[PDB]
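Colleague: File upload.txt follows (compact mmCIF, N, CA, C and O atoms):
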# COMPACT_ATOMS: atom_id res chain seq x y z
N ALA A 1 90.55 70.54 134.54
CA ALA A 1 92.00 70.66 134.52
C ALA A 1 92.61 70.21 133.20
O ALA A 1 93.66 70.73 132.80
N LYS A 2 91.99 69.26 132.51
CA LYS A 2 92.55 68.77 131.26
C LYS A 2 92.28 69.71 130.08
O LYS A 2 92.89 69.52 129.02
N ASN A 3 91.40 70.70 130.24
CA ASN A 3 91.24 71.78 129.27
C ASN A 3 91.59 73.13 129.88
O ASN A 3 91.06 74.17 129.46
N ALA A 4 92.47 73.13 130.89
CA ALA A 4 92.93 74.38 131.48
C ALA A 4 93.85 75.14 130.54
O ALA A 4 93.96 76.37 130.64
N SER A 5 94.53 74.44 129.64
CA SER A 5 95.24 75.12 128.56
C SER A 5 94.26 75.70 127.55
O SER A 5 94.49 76.78 127.01
N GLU A 6 93.15 74.99 127.31
CA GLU A 6 92.15 75.42 126.34
C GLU A 6 91.43 76.68 126.78
O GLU A 6 91.17 77.57 125.96
N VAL A 7 91.10 76.79 128.07
CA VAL A 7 90.43 78.00 128.54
C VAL A 7 91.40 79.18 128.54
O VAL A 7 91.00 80.33 128.28
N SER A 8 92.70 78.92 128.73
CA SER A 8 93.70 79.98 128.64
C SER A 8 93.86 80.46 127.20
O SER A 8 94.00 81.66 126.96
N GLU A 9 93.84 79.53 126.24
CA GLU A 9 93.88 79.90 124.83
C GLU A 9 92.64 80.69 124.43
O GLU A 9 92.73 81.65 123.65
N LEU A 10 91.48 80.32 124.97
CA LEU A 10 90.24 81.03 124.66
C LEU A 10 90.26 82.45 125.23
O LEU A 10 89.86 83.40 124.55
N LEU A 11 90.75 82.61 126.46
CA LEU A 11 90.86 83.94 127.06
C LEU A 11 91.90 84.80 126.33
O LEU A 11 91.68 86.00 126.12
N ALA A 12 93.01 84.18 125.92
CA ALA A 12 94.04 84.90 125.18
C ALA A 12 93.54 85.35 123.81
O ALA A 12 93.81 86.48 123.39
N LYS A 13 92.78 84.49 123.12
CA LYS A 13 92.23 84.88 121.82
C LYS A 13 91.13 85.92 121.95
O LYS A 13 90.99 86.77 121.07
N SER A 14 90.35 85.86 123.04
CA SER A 14 89.33 86.88 123.26
C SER A 14 89.95 88.24 123.56
O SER A 14 89.43 89.27 123.13
N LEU A 15 91.06 88.26 124.30
CA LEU A 15 91.78 89.52 124.49
C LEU A 15 92.51 89.95 123.23
O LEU A 15 92.72 91.15 123.02
N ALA A 16 92.88 89.00 122.37
CA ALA A 16 93.69 89.32 121.20
C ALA A 16 92.86 89.87 120.05
O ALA A 16 93.32 90.78 119.35
N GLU A 17 91.66 89.33 119.81
CA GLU A 17 90.90 89.75 118.64
C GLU A 17 90.26 91.12 118.86
O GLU A 17 90.04 91.86 117.90
N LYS A 18 89.94 91.46 120.10
CA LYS A 18 89.51 92.81 120.45
C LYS A 18 90.69 93.64 120.94
O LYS A 18 90.66 94.20 122.03
N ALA A 19 91.74 93.73 120.12
CA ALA A 19 92.91 94.50 120.48
C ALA A 19 92.72 95.97 120.12
O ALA A 19 92.07 96.30 119.13
N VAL A 20 93.28 96.84 120.94
CA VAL A 20 93.18 98.28 120.75
C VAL A 20 94.54 98.77 120.26
O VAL A 20 95.56 98.09 120.40
N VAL A 21 94.56 99.96 119.66
CA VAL A 21 95.77 100.55 119.11
C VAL A 21 96.19 101.75 119.97
O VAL A 21 95.35 102.57 120.37
N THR A 22 97.47 101.79 120.33
CA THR A 22 98.08 102.92 121.00
C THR A 22 99.13 103.54 120.08
O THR A 22 99.75 102.83 119.28
N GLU A 23 99.31 104.85 120.17
CA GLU A 23 100.38 105.47 119.40
C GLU A 23 101.61 105.73 120.26
O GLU A 23 102.74 105.49 119.82
N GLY A 24 101.43 106.21 121.49
CA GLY A 24 102.53 106.48 122.38
C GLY A 24 102.21 106.08 123.81
O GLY A 24 102.75 106.66 124.76
N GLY A 25 101.34 105.10 123.97
CA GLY A 25 100.90 104.67 125.28
C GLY A 25 99.41 104.86 125.48
O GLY A 25 98.74 103.99 126.05
N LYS A 26 98.88 105.98 125.01
CA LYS A 26 97.45 106.23 125.09
C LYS A 26 96.76 105.72 123.83
O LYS A 26 97.34 105.69 122.74
N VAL A 27 95.51 105.30 123.99
CA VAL A 27 94.80 104.64 122.90
C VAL A 27 94.19 105.69 121.98
O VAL A 27 93.84 106.80 122.40
N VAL A 28 94.11 105.35 120.69
CA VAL A 28 93.38 106.15 119.72
C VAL A 28 92.00 105.51 119.58
O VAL A 28 91.83 104.54 118.85
N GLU A 29 91.03 106.04 120.31
CA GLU A 29 89.69 105.47 120.30
C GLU A 29 88.96 105.85 119.02
O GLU A 29 89.12 106.96 118.49
N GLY A 30 88.14 104.93 118.53
CA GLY A 30 87.50 105.12 117.24
C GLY A 30 88.45 104.99 116.07
O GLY A 30 88.37 105.78 115.12
N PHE A 31 89.37 104.03 116.12
CA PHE A 31 90.33 103.80 115.06
C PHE A 31 89.96 102.54 114.30
O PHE A 31 89.74 101.49 114.90
N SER A 32 89.91 102.65 112.97
CA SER A 32 89.52 101.55 112.11
C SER A 32 90.70 101.15 111.22
O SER A 32 91.25 101.99 110.51
N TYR A 33 91.07 99.87 111.28
CA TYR A 33 92.12 99.32 110.44
C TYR A 33 91.62 98.03 109.82
O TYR A 33 90.85 97.29 110.44
N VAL A 34 92.04 97.76 108.59
CA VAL A 34 91.68 96.54 107.88
C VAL A 34 92.95 95.73 107.65
O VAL A 34 93.92 96.21 107.05
N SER A 35 92.96 94.50 108.16
CA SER A 35 94.16 93.67 108.15
C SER A 35 94.48 93.19 106.74
O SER A 35 93.71 93.36 105.79
N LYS A 36 95.65 92.57 106.61
CA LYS A 36 96.04 92.01 105.32
C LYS A 36 95.35 90.69 105.04
O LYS A 36 95.21 90.32 103.87
N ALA A 37 94.89 89.98 106.07
CA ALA A 37 94.08 88.79 105.84
C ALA A 37 92.68 89.17 105.36
O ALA A 37 92.13 88.51 104.48
N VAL A 38 92.12 90.25 105.91
CA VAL A 38 90.82 90.75 105.46
C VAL A 38 90.92 91.29 104.04
O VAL A 38 90.05 91.02 103.20
N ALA A 39 91.99 92.03 103.75
CA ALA A 39 92.20 92.56 102.41
C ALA A 39 92.44 91.45 101.40
O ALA A 39 91.95 91.51 100.27
N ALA A 40 93.17 90.40 101.80
CA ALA A 40 93.39 89.28 100.91
C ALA A 40 92.13 88.45 100.72
O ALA A 40 91.93 87.87 99.65
N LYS A 41 91.25 88.42 101.73
CA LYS A 41 89.96 87.76 101.56
C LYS A 41 89.08 88.52 100.57
O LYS A 41 88.41 87.90 99.73
N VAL A 42 89.08 89.85 100.65
CA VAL A 42 88.33 90.68 99.70
C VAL A 42 88.87 90.49 98.29
O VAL A 42 88.10 90.33 97.33
N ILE A 43 90.20 90.46 98.15
CA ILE A 43 90.83 90.24 96.85
C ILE A 43 90.51 88.85 96.31
O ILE A 43 90.23 88.68 95.12
N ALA A 44 90.46 87.84 97.19
CA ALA A 44 90.18 86.48 96.76
C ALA A 44 88.74 86.32 96.28
O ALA A 44 88.50 85.70 95.24
N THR A 45 87.77 86.89 97.01
CA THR A 45 86.38 86.81 96.55
C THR A 45 86.15 87.63 95.29
O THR A 45 85.37 87.21 94.42
N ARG A 46 86.82 88.78 95.15
CA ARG A 46 86.67 89.58 93.94
C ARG A 46 87.27 88.88 92.73
O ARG A 46 86.68 88.89 91.63
N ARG A 47 88.43 88.24 92.91
CA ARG A 47 89.04 87.47 91.83
C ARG A 47 88.19 86.26 91.48
O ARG A 47 88.08 85.89 90.31
N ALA A 48 87.55 85.64 92.48
CA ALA A 48 86.69 84.49 92.22
C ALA A 48 85.45 84.89 91.43
O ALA A 48 85.05 84.17 90.50
N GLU A 49 84.84 86.04 91.74
CA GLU A 49 83.65 86.40 90.99
C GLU A 49 83.97 86.92 89.59
O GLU A 49 83.20 86.67 88.66
N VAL A 50 85.11 87.59 89.40
CA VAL A 50 85.49 87.96 88.04
C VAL A 50 85.90 86.73 87.22
O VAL A 50 85.59 86.63 86.03
N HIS A 51 86.52 85.74 87.87
CA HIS A 51 86.87 84.51 87.17
C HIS A 51 85.64 83.70 86.80
O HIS A 51 85.59 83.10 85.72
N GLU A 52 84.62 83.68 87.65
CA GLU A 52 83.42 82.95 87.26
C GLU A 52 82.61 83.73 86.24
O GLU A 52 81.90 83.12 85.44
N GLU B 1 57.62 80.95 72.79
CA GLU B 1 58.92 80.35 72.49
C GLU B 1 59.96 81.42 72.17
O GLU B 1 60.06 81.89 71.04
N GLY B 2 60.72 81.82 73.18
CA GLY B 2 61.83 82.72 72.96
C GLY B 2 62.99 82.02 72.30
O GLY B 2 63.04 80.80 72.18
N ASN B 3 63.96 82.82 71.87
CA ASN B 3 65.07 82.25 71.13
C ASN B 3 66.05 81.56 72.07
O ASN B 3 66.10 81.83 73.27
N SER B 4 66.84 80.64 71.49
CA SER B 4 67.69 79.75 72.26
C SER B 4 68.85 80.48 72.93
O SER B 4 69.33 80.02 73.97
N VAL B 5 69.29 81.60 72.37
CA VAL B 5 70.49 82.24 72.90
C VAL B 5 70.16 83.06 74.14
O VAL B 5 70.98 83.14 75.06
N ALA B 6 68.97 83.64 74.22
CA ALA B 6 68.56 84.28 75.47
C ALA B 6 68.37 83.25 76.58
O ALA B 6 68.68 83.53 77.73
N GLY B 7 67.91 82.04 76.22
CA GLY B 7 67.84 80.98 77.21
C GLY B 7 69.21 80.50 77.66
O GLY B 7 69.41 80.22 78.85
N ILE B 8 70.17 80.42 76.73
CA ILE B 8 71.54 80.05 77.08
C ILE B 8 72.17 81.10 77.98
O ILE B 8 72.77 80.78 79.01
N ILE B 9 71.99 82.38 77.63
CA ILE B 9 72.56 83.49 78.38
C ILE B 9 71.95 83.55 79.77
O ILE B 9 72.67 83.72 80.77
N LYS B 10 70.63 83.36 79.88
CA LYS B 10 69.97 83.34 81.17
C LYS B 10 70.44 82.17 82.02
O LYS B 10 70.95 82.38 83.12
N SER B 11 70.33 80.94 81.51
CA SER B 11 70.68 79.74 82.26
C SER B 11 72.16 79.65 82.59
O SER B 11 72.52 78.89 83.50
N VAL B 12 73.03 80.38 81.90
CA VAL B 12 74.42 80.49 82.32
C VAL B 12 74.58 81.57 83.38
O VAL B 12 75.31 81.38 84.36
N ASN B 13 73.86 82.69 83.25
CA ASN B 13 73.96 83.77 84.23
C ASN B 13 73.44 83.37 85.60
O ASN B 13 74.05 83.70 86.62
N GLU B 14 72.32 82.65 85.67
CA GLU B 14 71.78 82.25 86.97
C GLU B 14 72.29 80.88 87.42
O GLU B 14 71.54 80.02 87.88
N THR B 15 73.60 80.68 87.35
CA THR B 15 74.23 79.43 87.76
C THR B 15 75.53 79.76 88.46
O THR B 15 76.36 80.48 87.91
N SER B 16 75.71 79.24 89.68
CA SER B 16 76.87 79.58 90.48
C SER B 16 78.13 78.91 89.92
O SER B 16 78.08 78.05 89.04
N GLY B 17 79.28 79.32 90.46
CA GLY B 17 80.56 78.85 89.95
C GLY B 17 80.87 77.40 90.25
O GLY B 17 81.69 76.80 89.55
N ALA B 18 80.24 76.82 91.28
CA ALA B 18 80.51 75.43 91.62
C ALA B 18 79.70 74.47 90.77
O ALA B 18 80.22 73.44 90.33
N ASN B 19 78.43 74.79 90.52
CA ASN B 19 77.56 73.95 89.71
C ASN B 19 77.52 74.40 88.25
O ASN B 19 76.53 74.16 87.56
N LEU B 20 78.58 75.06 87.77
CA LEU B 20 78.58 75.55 86.40
C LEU B 20 78.90 74.43 85.41
O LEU B 20 78.10 74.14 84.51
N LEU B 21 80.06 73.79 85.57
CA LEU B 21 80.56 72.88 84.55
C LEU B 21 79.78 71.57 84.50
O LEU B 21 79.72 70.93 83.45
N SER B 22 79.19 71.16 85.62
CA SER B 22 78.34 69.98 85.61
C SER B 22 77.03 70.27 84.89
O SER B 22 76.48 69.40 84.20
N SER B 23 76.52 71.49 85.02
CA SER B 23 75.24 71.88 84.45
C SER B 23 75.37 72.54 83.09
O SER B 23 74.52 73.36 82.73
N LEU B 24 76.40 72.21 82.31
CA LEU B 24 76.48 72.77 80.96
C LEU B 24 75.78 71.91 79.93
O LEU B 24 75.30 72.44 78.93
N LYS B 25 75.70 70.60 80.15
CA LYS B 25 75.06 69.73 79.18
C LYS B 25 73.54 69.89 79.18
O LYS B 25 72.91 69.73 78.14
N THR B 26 72.95 70.24 80.32
CA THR B 26 71.52 70.51 80.33
C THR B 26 71.18 71.83 79.65
O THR B 26 70.10 71.96 79.06
N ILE B 27 72.09 72.80 79.67
CA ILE B 27 71.87 74.02 78.89
C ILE B 27 72.16 73.77 77.42
O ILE B 27 71.57 74.41 76.54
N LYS B 28 73.06 72.84 77.12
CA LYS B 28 73.29 72.42 75.74
C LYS B 28 72.07 71.74 75.16
O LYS B 28 71.71 71.96 74.00
N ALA B 29 71.40 70.91 75.96
CA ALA B 29 70.25 70.15 75.47
C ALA B 29 68.95 70.94 75.54
O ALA B 29 68.02 70.65 74.79
N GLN B 30 68.85 71.93 76.43
CA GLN B 30 67.63 72.73 76.49
C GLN B 30 67.53 73.72 75.35
O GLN B 30 66.42 74.16 75.03
N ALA B 31 68.64 74.08 74.72
CA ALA B 31 68.64 74.97 73.57
C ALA B 31 69.00 74.26 72.28
O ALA B 31 69.32 74.92 71.29
N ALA B 32 68.97 72.93 72.27
CA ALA B 32 69.10 72.20 71.03
C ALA B 32 67.82 72.33 70.22
O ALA B 32 66.73 72.44 70.79
N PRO B 33 67.92 72.36 68.89
CA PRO B 33 66.71 72.42 68.07
C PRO B 33 65.92 71.13 68.13
O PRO B 33 66.47 70.05 68.33
N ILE B 34 64.61 71.25 67.96
CA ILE B 34 63.73 70.09 68.06
C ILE B 34 63.83 69.29 66.77
O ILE B 34 63.68 69.83 65.67
N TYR B 35 64.15 68.02 66.90
CA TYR B 35 64.04 67.06 65.80
C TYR B 35 62.98 66.08 66.23
O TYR B 35 63.23 65.28 67.16
N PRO B 36 61.78 66.11 65.64
CA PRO B 36 60.65 65.36 66.20
C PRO B 36 60.83 63.86 66.07
O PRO B 36 61.53 63.36 65.19
N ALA B 37 60.20 63.14 66.99
CA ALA B 37 60.42 61.71 67.12
C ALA B 37 59.72 60.96 66.00
O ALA B 37 58.66 61.37 65.52
N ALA B 38 60.33 59.86 65.58
CA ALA B 38 59.72 58.97 64.60
C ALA B 38 58.56 58.26 65.28
O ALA B 38 58.76 57.32 66.05
N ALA B 39 57.35 58.71 65.00
CA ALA B 39 56.16 58.18 65.64
C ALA B 39 55.75 56.87 64.97
O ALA B 39 56.48 56.29 64.16
N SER B 40 54.56 56.38 65.31
CA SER B 40 54.04 55.17 64.69
C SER B 40 53.64 55.44 63.24
O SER B 40 53.49 56.59 62.81
N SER B 41 53.46 54.36 62.49
CA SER B 41 53.26 54.49 61.04
C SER B 41 51.84 54.95 60.71
O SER B 41 51.65 56.08 60.24
N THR B 42 50.85 54.09 61.01
CA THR B 42 49.45 54.13 60.54
C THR B 42 49.34 54.65 59.10
O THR B 42 48.61 55.59 58.78
N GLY B 43 50.08 53.97 58.22
CA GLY B 43 50.38 54.49 56.90
C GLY B 43 49.20 54.46 55.95
O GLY B 43 48.12 53.95 56.25
N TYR B 44 49.45 55.05 54.77
CA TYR B 44 48.50 55.18 53.66
C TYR B 44 47.24 55.94 54.10
O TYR B 44 46.15 55.38 54.24
N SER B 45 47.45 57.23 54.33
CA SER B 45 46.38 58.18 54.61
C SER B 45 45.40 58.29 53.44
O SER B 45 45.62 57.75 52.35
N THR B 46 44.32 59.04 53.68
CA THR B 46 43.16 59.03 52.79
C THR B 46 43.46 59.56 51.40
O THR B 46 42.84 59.12 50.43
N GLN B 47 44.45 60.44 51.26
CA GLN B 47 44.84 60.87 49.93
C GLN B 47 45.67 59.81 49.23
O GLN B 47 45.55 59.64 48.01
N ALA B 48 46.47 59.05 49.98
CA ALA B 48 47.22 57.95 49.38
C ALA B 48 46.29 56.81 48.97
O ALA B 48 46.49 56.17 47.93
N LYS B 49 45.25 56.55 49.77
CA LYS B 49 44.30 55.52 49.40
C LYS B 49 43.40 55.97 48.25
O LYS B 49 43.03 55.15 47.41
As a first step, turn the structure in this file into structure tokens.

Modeller:
Amino acid sequence: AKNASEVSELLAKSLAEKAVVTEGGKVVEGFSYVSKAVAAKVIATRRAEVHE
Amino acid sequence: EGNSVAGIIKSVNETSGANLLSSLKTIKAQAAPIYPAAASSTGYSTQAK
């Protein structure tokens, strides 16, 4: 019971990270998107290796 | 005995970005020219005698 908030956060994050995309209610299966955190991570590692 | 600059270029290339600046003095000293040590005397060799 004292980690009942923690298991809810874990279930919410598990549903959140495997999120699907809909355009008008129905899902576009086989859709690939790259987030701005992923793109900024790629930019950060590329800037780090050119700087070194 | 290869030349010192290929050793400098190699030892800088195969060094990561975190251990770069700490490991510059060992690359400075590994490509320094040899100045041989002042050994013992045992002076007045056979031509001097």

Colleague: Taking only C-alpha atoms into account, what are the residues of chain B at most 12 Å from chain A, put as an NGL selection string?

Modeller: :B and (12-21)

Colleague: With DSSP run on the backbone, what are the helix (DSSP H, G or I) residues within chain B? I'd like them as a list in words.

Modeller: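 Assigned to helix (DSSP H, G or I), within chain B: residues 4, 5, 6, 7, 8, 9, 10, 11, 12, 13, 22, 23, 24, 25, 26, 27, 28, 29 and 30 of chain B.
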
Colleague: Hey, can you check how far CA of residue 34 (chain A) sits from CA of residue 6 (chain A)?

Modeller: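 Separation of CA of residue 34 (chain A) and CA of residue 6 (chain A): 28.1 Å.
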
Colleague: Record the distance separating atom N of residue 17 (chain A) and CA of residue 42 (chain A), expressed in Å with one decimal.

Modeller: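 Spanning atom N of residue 17 (chain A) to CA of residue 42 (chain A) is a straight-line distance of 20.4 Å.
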
Colleague: Hey, can you pull every residue with an atom no more than 12 Å from (86.3, 99.4, 112.1), using only C-alpha atoms, and send it as a list in words?

Modeller: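 All residues meeting the 12 Å criterion around (86.3, 99.4, 112.1) are residues 18, 19, 20, 21, 29, 30, 31, 32, 33, 34, 35 and 38 of chain A.
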
Colleague: Mind checking which residues fall within 7 Å of residue 4 (chain B), counting only N, CA, C and O atoms, ignoring those fewer than 6 positions away in the same chain, and posting them as an MDAnalysis selection string?

Modeller: chainID B and resid 10 27 30:32

Colleague: Provide the atom C of residue 5 (chain B) to atom O of residue 36 (chain B) distance in Å, to one decimal place.

Modeller: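 About the pair atom C of residue 5 (chain B) and atom O of residue 36 (chain B): they are 23.3 Å apart.
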